[PDB]
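Notes follow once the structure below has been shown.
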Amino acid sequence: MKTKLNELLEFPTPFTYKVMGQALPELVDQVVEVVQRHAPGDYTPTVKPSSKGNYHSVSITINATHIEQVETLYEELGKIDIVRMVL
């Protein structure tokens, strides 16, 4: 595929990302749902206590076949109105 946004080189590379922000219970649900719909295989975000129970920093693993694909996947899981961010 060649769209210069979700697919171009067609090569699934390991993207070590960290979605840090507010502690969201649906974060792991959207992380595995958006990472599977775009890249083959199920993945999850390892949440860790960074500052408090209200704010959590998770490490999401993703094998997006394109560079910009992992960017849209982060927006799909981090679309909450609260502070959402990714490494």
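Cβ atoms come from the backbone with ideal geometry, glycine included; neighbour counts cover every protein chain shown. Here, each number is a calculation from the coordinates, and none is a lab measurement.
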- Query: In this structure, does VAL83 turn out to be of a type in the set (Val, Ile, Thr) and surrounded by 13 or more Cβ atoms within 10 Å (Cβ to Cβ)?
  - Reply: no
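Conditions tested, residue by residue: (1) in a loop (DSSP other than H, G, I, E, B); (2) surrounded by 16 or more Cβ atoms within 10 Å (Cβ to Cβ); (3) in contact with an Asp or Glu (Cβ under 6 Å, 6 or more places away or on another chain).
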| residue | (1), (2), (3) |
| --- | --- |
| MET1 | yes, no, yes |
| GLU7 | yes, yes, no |
| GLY21 | no, yes, no |
| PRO25 | yes, no, no |
| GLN36 | no, no, yes |
| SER51 | yes, no, no |
| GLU76 | no, no, no |
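May I ask you to verify whether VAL31 is crowded, with 16+ Cβ neighbours inside 10 Å, in a strand (DSSP E or B), of a type outside the set (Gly, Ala, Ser) and under 9 Å from the mean Cα position of the chain (by Cα)?
No.
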